[PDB]
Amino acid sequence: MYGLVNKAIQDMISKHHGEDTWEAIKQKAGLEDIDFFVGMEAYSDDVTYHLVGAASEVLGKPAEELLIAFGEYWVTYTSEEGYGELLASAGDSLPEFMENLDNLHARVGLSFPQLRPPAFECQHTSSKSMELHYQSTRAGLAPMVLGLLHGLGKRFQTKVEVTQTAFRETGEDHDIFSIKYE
């Protein structure tokens, strides 16, 4: 995944637990050499898995818990590190924002040629509820999707309830989340 994602993790851990903590994770993660991550360059997905892993260990939190937190953090980080306009253009409400996500990730893909974005389909079951389908070339990130949705809820001052109803990691075709929102 592009360095942006890894800068963001790093940013999150450093603001929340400081540079030493970060350095520890960095060290444990096997990446002592990387001086700084390059936003617009593509790294191996491993760099991210190891980072998450190392943070799990150093912080005594399951990885999934960290993915959730990284997920809602990402909504703030992007609004402030140069994608706020792009974010805003993608919707004025959660359900609109989710319908526009594939599009958002395509506008991003222009600037980022090796992007493997996720694919998201929304099936509205009511004007306050939807069933969100997440499809991905990667495994393990469903918990991040969940944090992102909670991030978007805070952004649009909207209360949101999210429960994952189907799982890839077992052998269901893709992750589905049932969502309820004001």
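Quick note: we count residues from 1 along the sequence shown, nothing fancier.
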Review point. As stated in the PDB record, which stretch has the larger average Cα B-factor, 137 to 145 or 32 to 40?
Key: 32 to 40
Study note, to complete from the structure: Per the PDB entry, mean CA B-factor is higher for 162 to 170 or 7 to 15, namely for 162 to 170
Check your understanding: Highest CA temperature factor in the entry: which of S111, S93, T76, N100?
Key -> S111
Check your understanding: Considering only modelled residues of the same chain, in which third does the CA B-factor of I68 rank: lowest, middle or highest?
Key -> lowest
Check your understanding: Ranked by Cα temperature factor within the chain, is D45 in the lowest third, the middle third or the highest third?
Key -> middle
Review point. Comparing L115 with the other modelled residues of its chain, is its CA B-factor in the lowest, middle or highest third?
Key: middle
Review point. Where does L152 sit by CA temperature factor within its chain: lowest, middle or highest third?
Key: lowest
Exercise for review: Would you check the entry's CA temperature factor for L51 and let me know if it's in the chain's lowest, middle or highest third?
Suggested key: middle
